[PDB]
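Chemist: Would you be able to build a 3D model of this:
(chains A, B, C, D and E)
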Amino acid sequence: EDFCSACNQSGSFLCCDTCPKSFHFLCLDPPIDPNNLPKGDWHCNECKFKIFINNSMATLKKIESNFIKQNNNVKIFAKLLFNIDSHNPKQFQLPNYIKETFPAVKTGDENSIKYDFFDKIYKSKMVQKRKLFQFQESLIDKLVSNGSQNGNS
Amino acid sequence: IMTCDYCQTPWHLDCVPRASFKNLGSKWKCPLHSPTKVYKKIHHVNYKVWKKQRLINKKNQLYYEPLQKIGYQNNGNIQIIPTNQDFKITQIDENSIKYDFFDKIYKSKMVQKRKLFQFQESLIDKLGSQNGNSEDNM
Amino acid sequence: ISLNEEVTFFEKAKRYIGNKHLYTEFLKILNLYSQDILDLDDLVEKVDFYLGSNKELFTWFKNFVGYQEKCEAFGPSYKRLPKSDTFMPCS
Amino acid sequence: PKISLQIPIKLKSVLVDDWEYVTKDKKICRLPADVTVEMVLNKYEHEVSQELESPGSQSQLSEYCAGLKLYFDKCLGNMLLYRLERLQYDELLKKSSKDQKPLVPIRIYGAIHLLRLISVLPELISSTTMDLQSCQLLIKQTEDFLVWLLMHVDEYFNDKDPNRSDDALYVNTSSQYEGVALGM
Amino acid sequence: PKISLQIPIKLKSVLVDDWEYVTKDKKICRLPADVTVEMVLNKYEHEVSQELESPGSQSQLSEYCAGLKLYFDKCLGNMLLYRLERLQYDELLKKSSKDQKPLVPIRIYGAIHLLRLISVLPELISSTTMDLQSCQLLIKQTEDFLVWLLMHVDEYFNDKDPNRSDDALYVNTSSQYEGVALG
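Modeler: Numbering: from 1, shown residues only, chains lettered A, B, ... in the order given. Below is the structure in question.
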């Protein structure tokens, strides 16, 4: 092609052999200065993903299912981290929905688990306490101009 | 002593009060085995019924491990991970059940404390001079 | 501290229940309560069959969930008939 | 269907106006920024922690918060940057290489880049295979996150003491630099 | 040859439960049900008529609803009743003659009995001699009905204990009704 998918415009190209699509050097996930070029292939991230898994679904599901189980620390951001390596880099594009609202447009270990369980319980306790306490000081403040207890226990 | 038909955990005929061996009618479900049918009173129909999903053939069954650790609505169907098919058995980590059970408990305790504290504050709301004698109390 | 037990209640429960196959059912029962399928009183009654002997532990569990002590008791033998069939006459 | 995420109306202006500056004024943020992604996001893990009483609610907070620190790292070099920004990003890698210390996007960049990630977020879940229930939560902290942002949107998104150029998040750059940013 | 009908699992799990209540629990469904085979098809024919635009398919839909009613009347007597329910069917015939009105099964029996007819439709199709293009015509059309039935499974098939609700679709059987029906 003539345009760079990640510059969204016509650029001097480093070309992956397998995929006809080619990209401008600037938008390189790892910067790849023209002066220093990789040897011949320059496989794009999307192409590098296929050859890595060898275009196999079972491993893909497996290497995924391994990736989620590995990142038990942050599970909710598992599929998102897994996908981001495969996709080729792309320029930041202000999404349409945020644009569409505006009328005008200008440019177009084992102990760790117990510790991880313990601190959340411990952090929960004061929150439980301070909310219960603040209701109590609302009770003393319900008595006007002075606390009913007149002091702090 | 008799043994469960599913568990194979021996029980005295005294401990589970039990009159006899029950070797004719149906397999004896030992106590200590999860419920397969639950009648819940809504406390406001008077009741709601929950029945465990029947076990599907092996191939048609789909086991799923959700991305959300805490608070996934299992609907009562579970396979315990060591650490149109809408009939999917959610796979839950054991550490998740600890968080879920504790999450439910702590929320209820906050609500129970709120209602009790609100009601005591409510009688103050219905109240020239308070005359509650709280200053005397210490 | 009071937190020390709670962060270890499942460890203390795991040791007593012994074999895993019984511990799994203990987790499934604990699940049904957290899914609002199983009432609190029914949960404590089922846990009794697990942790009945460890009085110091079961008492703590009863304290934790907030269980307070002190129709649907149909019985297994008898089943209800529909309203229509009860009309067969007696002179 | 398509994932519905609601940006606060002022925050929508913040991003849309900000995109105007980079394309037209060609300004670039001073990096490392005045307000790093970390202390903005680490602080969120702190205040909201003292508000949630449940054990799980404390876990989900640190869960989503720590993940965003991880997600921003991989997703910076891929998507969040502009054409002009990408030229400025390239230097950093050499600068990190010259020190040999690994480049850590989260500590260096500002919070506005984090806001850029959230805008692109609902499209990203669409490509993923998460069921609805998991997607709900990913969104539910996200919406509740931006509800925080409005409280301090004036501090660091909005120009506080705007007279000084340093307070302004993005600073104007030379035209010959922009020529390299074009690449042709 | 052999005809395959994809019944959604939830509907395939209902039937099995129906097979359990009538043969093991020995309870039968209250025959004059609230959602009978007639209004079930009346609603489905009415909900889908507006949905589809092409008049050609509306003819295909309406006859499959009109046909399924006529077939159900002939079919219920022969092969849609478990043994324990035969007597209850008989008392309806015996009541019909005294009431001097002929029994029409679509007016009486519930949606579950319609599902029984759908379950044995492939076996009934294979027995006869039909055009192949009509075999996929019925099965595709039925598979479209079962999908619609899945979306409304909640308010046709509700699991209520007969001892308790008394509005449950199934009612227990007296020791005298069971004796004659089985004996």
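
Chemist: What separation is there between residue B:58 and residue D:36?
Modeler: Distance of residue B:58 to residue D:36, computed by Cβ to Cβ, to the nearest Å: 52 Å. Placement of C-beta: from N, CA and C, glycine included.

Chemist: now swap in residue D:3 and tell me
Modeler: 28 Å.

Chemist: and if you look at residue B:93?
Modeler: On the measure of Cβ to Cβ, residue B:93 and residue D:36 end up 34 Å apart.

Chemist: Helices of chain D, start to end?
Modeler: D:9-20, D:37-47, D:55-75, D:83-99, D:105-108, D:111-127, D:132-152, D:175-182 (DSSP state H).

Chemist: quick check: angle from the second one to helix D:111-127?
Modeler: Same thing as helix D:37-47. Orientation note: helix D:37-47 sits at an angle of 80 degrees relative to helix D:111-127 (axes from the mean of the first three to the mean of the last three Cα atoms, to 10 degrees).

Chemist: Repeat that for the first one.
Modeler: When the same axes, to 10 degrees is applied, the directions of helix D:9-20 and helix D:111-127 differ by 100 degrees.

Chemist: Give the other helices and strands that helix D:9-20 contacts.
Modeler: helix A:96-101, helix D:111-127, helix D:132-152 (3 or more Cβ pairs under 8 Å, 6 or more residues apart in numbering or on different chains; DSSP states H and E).

Chemist: could you check the angle helix D:132-152 makes with that helix?
Modeler: Going by the same axes, to 10 degrees, helix D:9-20 makes 80 degrees with helix D:132-152.

Chemist: Report the distance from helix D:9-20 to the chain centre.
Modeler: With Cα atoms, centre = their mean, to the nearest Å as the basis, helix D:9-20 stands 13 Å off its chain's centre.

Chemist: count of neighbours near residue 135?
Modeler: Looking at chain A here, since you left the chain open. Neighbour count for residue A:135, taken as other Cβ atoms under 10 Å in any protein chain shown: 15.

Chemist: To clarify, I was referring to chain D.
Modeler: Residue D:135: 19 neighbours (other Cβ under 10 Å).

Chemist: Against chain B, how distant is it?
Modeler: Distance, residue D:135 to chain B, by Cβ to the nearest Cβ, to the nearest Å: 8 Å.

Chemist: rewinding a little: highest average neighbour count across the helices and strands packed on helix D:9-20?
Modeler: helix D:111-127 (a mean of 19; mean count of other Cβ atoms under 10 Å in any protein chain shown).

Chemist: just checking, what packs against it?
Modeler: The contact analysis (3+ Cβ pairs under 8 Å, 6+ apart) places helix D:111-127 against helix A:79-84, helix D:9-20, helix D:37-47, helix D:55-75, helix D:132-152.

Chemist: what's the most buried one of those?
Modeler: helix D:55-75 (a mean of 22).

Chemist: name the helices or strands packed onto that one?
Modeler: Using 3+ Cβ pairs under 8 Å, 6+ apart: helix D:55-75 touches helix A:79-84, helix A:110-142, helix B:94-126, helix D:37-47, helix D:105-108, helix D:111-127, helix D:132-152.

Chemist: and of the helices of chain D, who's closest to residue A:74?
Modeler: helix D:55-75 (3.7 Å; Cβ to Cβ).

Chemist: Tell me what angle the longest helix along chain C forms with helix D:55-75.
Modeler: Across chain C, the longest stretch assigned as helix under DSSP H is helix C:20-34. Calculated by the same axes, to 10 degrees, helix C:20-34 forms an angle of 100 degrees with helix D:55-75.

Chemist: Contact partners for residue B:95?
Modeler: A:113, A:117, B:69, B:83 (Cβ atoms under 8 Å, 6 or more residues apart in numbering or on different chains).

Chemist: If we use 10 Å, what do you get?
Modeler: Contacts for residue B:95 (Cβ atoms under 10 Å, 6 or more residues apart in numbering or on different chains) come out as A:72, A:113-114, A:116-117, B:69-70, B:81, B:83, C:10, D:59.

Chemist: among these, which two are most distant?
Modeler: A:114 and B:81 (18.7 Å).

Chemist: Can you report how many residues neighbour residue A:127?
Modeler: Neighbour tally, residue A:127, other Cβ under 10 Å: 19.

Chemist: How much space separates it from chain B?
Modeler: Residue A:127 is 9 Å from chain B, by Cβ to the nearest Cβ.

Chemist: isn't that residue right next to residue D:53, touching?
Modeler: Yes: counting by Cβ atoms under 10 Å, residue A:127 touches residue D:53, with 4.6 Å between them.

Chemist: what touches both of those two?
Modeler: With Cβ under 10 Å, 6+ apart, residue A:127 and residue D:53 have common neighbours B:106, B:110.

Chemist: quick one on the thing from earlier: relative to residue D:72, which of the helices and strands packed on helix D:9-20 is closest?
Modeler: helix D:111-127 (5.9 Å).

Chemist: Spatially nearest residue to whichever residue of chain A sits closest to chain C (excluding sequence neighbours)?
Modeler: Ranking the residues of chain A by distance to chain C (Cβ to the nearest Cβ) places residue A:118 first, at 4.6 Å. Leaving out its chain neighbours, the residue that sits closest to residue A:118 by Cβ to Cβ, 6 or more residues apart in numbering or on different chains is residue C:7, at 4.6 Å.

Chemist: Repeat that for residue A:102.
Modeler: residue D:16 (5.7 Å).

Chemist: what separates the one you found from residue D:166, distance-wise?
Modeler: 24 Å.

Chemist: related to what we said a few turns ago, isn't the residue nearest to residue A:102 right up against residue A:105?
Modeler: Yes: at 8.9 Å, residue D:16 and residue A:105 qualify as touching, with contact defined as Cβ under 10 Å.

Chemist: Tell me if residue B:40 really is in a strand.
Modeler: Yes: secondary structure assignment places residue B:40 in a strand (DSSP: H, G, I helix; E, B strand; the rest coil).

Chemist: who's in contact with the residue nearest to residue D:126 when sequence neighbours are not counted?
Modeler: Spatial nearest neighbour of residue D:126, excluding adjacent residues (Cβ to Cβ, 6+ apart): residue D:3 at 6.0 Å. For residue D:3, the contact set (Cβ under 10 Å, 6+ apart) comprises D:121-126, D:128, D:130, D:132, D:135-136, D:138-139.
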